[PDB]
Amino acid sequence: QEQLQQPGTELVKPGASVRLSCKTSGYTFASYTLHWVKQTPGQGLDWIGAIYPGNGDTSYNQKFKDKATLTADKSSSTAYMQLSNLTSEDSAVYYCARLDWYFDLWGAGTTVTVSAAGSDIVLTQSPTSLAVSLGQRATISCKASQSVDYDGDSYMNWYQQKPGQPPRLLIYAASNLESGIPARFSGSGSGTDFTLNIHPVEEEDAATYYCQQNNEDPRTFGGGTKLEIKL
C-alpha cells in the first residue's frame, strides 16, 4: 500500500535549520510530483512548493522561496524539505502529499516546534467553526477572490482532516465524491462560490474541512472550518 511516512515532531532552536523527510513506498517515487504544505490554526493550509523526484525539478510558492529547499533522493525513495533561518513564524505542521485529486495521498505531517523560552486566489470559508447535533445538517461556504473554473470544470476540492488523522480528499472538482466517501456529503458551486453539505451528520464527521483551488498557481487553501458534534 502506498505510504508517505514523515517523523512526528522536531524540536528546534530559532536560527537553526531543520530537514524534514518524507519516505515513500508502494509506488514509483520518481514518477509523481510531491508537494509540501504548511498548516497553522490561523492561516489554514499553505502550499509551499513541489518537486518532481524523477529529475529534481522544483517549483516554489514565492512566499517560501528562501525559507524552503526541496530535494529528492531516488536511492532511498525519500523527499526532503529543508527549512532555514527558523523563527517562531515557522512553528507549524508540515505535510508531504500528492495533491492532484486523482493521485491524492498525504503523509501524517511533521510538527516543527521552534522553541525558545522567555493576485494569489484567496479562499474564504464561512463559518470557521460550528457545532451541529447528531442527524442535523452542516453547511459550509467557500468563496474565491477570482474564478476557479476552466472549460466548465471547477478546479476546487474539499479536504477533511479527522482528529489525529492525515487530511484526505473528500470532494473533487466542486461536486464529485472521492471513492469511499459516504453519500451524506455533497458539494455544489461554480465560478467563485462553493458549498459543502453534510446531512445527516454523524460522530465520525467531526473534522476540520479545507477548500483548495488549483486553477492558478500557487495552489491556495481556505483557513479551514472545524466541525464538532453538539451533544
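Note that residue numbering follows the sequence shown and begins at 1.
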item	value
Residues of the deposited sequence that sit between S119 and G118 yet are not modelled	10 or more
Residue stretch of maximal mean CA temperature factor, 61 to 69 vs 165 to 173	61 to 69
Greater mean Cα temperature factor according to the PDB record, 218 to 226 or 9 to 17	9 to 17
Residue, from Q125, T87, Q160, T110, that the PDB entry assigns the highest Cα B-factor	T87
Most elevated Cα B-factor in the entry, residues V132, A97, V93, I140	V132
Chain-wide C-alpha B factor ranking for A206, given as lowest, middle or highest third	middle
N55 CA temperature factor, ranked by third within the chain	highest
For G187, the third of its chain into which the C-alpha B factor falls	lowest
Among modelled residues of the same chain, the CA temperature factor third for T40	lowest
Chain thirds of CA B-factor: placement of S179	highest
